[PDB]
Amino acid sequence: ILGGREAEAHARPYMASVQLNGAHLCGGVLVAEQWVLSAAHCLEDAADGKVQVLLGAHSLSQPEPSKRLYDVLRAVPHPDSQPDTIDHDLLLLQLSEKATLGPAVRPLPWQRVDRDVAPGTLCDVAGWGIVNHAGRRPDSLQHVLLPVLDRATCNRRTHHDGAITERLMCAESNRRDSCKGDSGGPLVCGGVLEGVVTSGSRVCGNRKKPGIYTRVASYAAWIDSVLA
């Protein structure tokens, strides 16, 4: 997260770190007792690798009573996802067992009504992704508030130009933005999950290249089907 601030410890009980061979890779969001939602491209790079999900965490490295590492029973990438498209970029991880719920570990309700978040709405994005332009990695969860940027605008030419479908939403990236390593994590507006940070490569913190977030309401049948 660029241009943000350290998050209040455990104030986002839904926040997950998706890890590969013991290291943070991508964010993710606890959406049911046994299921974490993240981005598919994060795990394109993976089959030779143990995937785990850290819940209840603020620090990546220090112990905390609430902090618990869960093995993964199943990774389920969206069926229409492909390398080199930003579209359908979601992944569901089934935890090995139901997460132990408490004040620090709780699922986030997510948007099921397929209507865009109004332009200018301030939404919150959190992650353990890079915090500057050098590539520095924080130990502790960071977060930033970003205004949603209308789709009509996001499709303009010196922007993202053509790609942004009805299943994607955009937010401003003017010095405050999500970046590499924040992919898969939550964009939350009025306390509901609205988007998941996309995992394509892109520059961070440049006003001319807005953040892209996959709209979870667009995918509500698929998410229901997987959990069922």
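Basically, rigid core = biggest C-alpha set you can superpose within 1.5 Å across the two forms. Note that residue numbering follows the sequence shown and begins at 1.
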**Prompt:** Core fit done; bigger CA RMS in 6 other deposited structures of this protein for 186-194 or for 199-207?
**Reply:** 199-207
**Item:** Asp45 dropped in a third or more of the other entries
**Value:** yes
**Complete:** The stretch carrying the higher mean Cα B factor in the deposited entry, 87-95 or 114-122, is 114-122
**Request:** Determine, for stretches 129-137 and 152-160, which one has the higher mean CA B-factor as deposited.
**Result:** 152-160
**Complete:** From the entry's CA B-factor values, the highest among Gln34, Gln52, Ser199, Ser61 is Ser61
**Prompt:** Reading the B-factor column of the entry, which of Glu194, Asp182, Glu166, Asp177 has the highest value at its C-alpha atom?
**Reply:** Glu166
**Request:** Taking the values exactly as deposited, rank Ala228 by C-alpha B-factor within its chain and report the matching third: lowest, middle or highest.
**Result:** highest
**Fill in**
Of the three thirds of Cα B-factor ranks in this chain, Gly22 occupies the highest
**Request:** Looking at the entry's B-factor column for C-alpha atoms only, identify whether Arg12 ranks in the lowest, middle or highest third of its chain.
**Result:** lowest
**Prompt:** Where does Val29 sit by CA temperature factor within its chain: lowest, middle or highest third?
**Reply:** lowest
**Request:** Divide the modelled residues of the chain into thirds by Cα B-factor and specify which third, lowest, middle or highest, holds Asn206.
**Result:** highest
